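The structure tokens that follow cover one protein chain in two forms, given apart as structure 1 and structure 2.
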Structure 1
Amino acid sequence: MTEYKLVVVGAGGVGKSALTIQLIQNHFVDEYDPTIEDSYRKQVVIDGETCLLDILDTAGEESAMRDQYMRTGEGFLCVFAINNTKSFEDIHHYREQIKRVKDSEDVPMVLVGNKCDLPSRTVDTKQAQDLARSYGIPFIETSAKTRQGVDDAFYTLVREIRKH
């Protein structure tokens, strides 16, 4: 079946691991080693197409797998936490890294505002929508805890990859 190679990036603590594990096995993880970087594969059906999502959950330092995923990844989830202003301000660094390593101005990407269940929002929805518009990319609000938007985030990224 078709495989889509996806990479999850963003500041420490924004919920990259929790979003990945919620997608993979439908559970919310309260604590996941901030240094563990692993890849996961899930069969899904997106717009009728049975396919494999091949996901690297990046973490942190100098690996062969991470280098290969950055170079050959087909699409990137750029994650910030809606209660962490710095993580949102850091988003442009991750986008720039992707453009540099891919040597391309046109890389499939989705902006993800995670932790939307929390009572501590400091990044307005419109603020992130405005950023995504300037980048020309989709924006999806998610919660790895409630599952809001989790499938939508990954599936939207697949649909962006398909356009490439």
Structure 2
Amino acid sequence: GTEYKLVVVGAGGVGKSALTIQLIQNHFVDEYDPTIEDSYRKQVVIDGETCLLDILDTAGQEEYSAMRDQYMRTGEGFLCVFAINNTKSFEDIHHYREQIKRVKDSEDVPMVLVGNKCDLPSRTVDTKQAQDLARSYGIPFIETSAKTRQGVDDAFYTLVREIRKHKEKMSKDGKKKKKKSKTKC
């Protein structure tokens, strides 16, 4: 019963809301949904362990300084989303990564790079360009379409696996300090 706070960031119009709705409700934008979108708590099973995902779509909140600070401090893992038909959204990615790193004052924040709208033929960002960026950061890259649901679960589940690796590493370090920090004089 562990809660993972996952925060979806990226430029306006990249599909952050579409991706979140597709994860939560198993369907693409269809019928009218008057729901104010902020955070949502969803129970899922990843690799046989039940957990709660607290998923924040930042589309509304990113414009407000105190809200940005708060979600970057509280978020455990970050989906950094661009659209494969919008080179500007891809160029914006490093700004989001650097902001998150500064706010958390840490160099290994769990993150996954997501190239959304991969159902579209008019691509301006190559898979290889995106892979290279992700390799340079040491993080996974996943191509998604919120429209077809391709890669949506994979994107969020991969991020949870990145958070678990981070948390398992911190618990081994804490044990390793306890053992190392005793003297024979």
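Rigid core (definition): largest C-alpha set, two forms, superposition within 1.5 Å. The first residue in the sequence of structure 1 is number 1, and each one after it adds one. Only residues modelled in both forms are compared.
> Looking at 97, 122, 127, 68, which has a Cα shift of 2 angstroms or more between structure 1 and structure 2 when the rigid core is held fixed?
Replying inline: The answer here is 68.
> Would you say residue 45 moves between structure 1 and structure 2, meaning its CA shifts by 2 Å or more once the core is fitted?
Replying inline: No, the C-alpha moves less than 2 Å.
> Once you line up the core, how about residue 136: does its CA shift reach 2 Å between structure 1 and structure 2?
Replying inline: For residue 136, whose C-alpha is compared between structure 1 and structure 2 after core superposition, the shift is less than 2 Å.
>> Can you give me the Cα shift for residue 21 between structure 1 and structure 2? Core-superposed, in angstrom, one decimal please.
In response: Its C-alpha moves by 0.3 Å once the cores are overlaid.
>> Core-aligned, what does the C-alpha of residue 32 shift between structure 1 and structure 2, expressed in angstrom?
In response: Superposing on the rigid core gives a C-alpha shift of 9.2 Å for residue 32.
>> Residues present in both forms only, core superposed, 2 Å C-alpha shift required: which runs of three or more differ between structure 1 and structure 2?
In response: Residues 30-37, 63-69 form the shifted runs.
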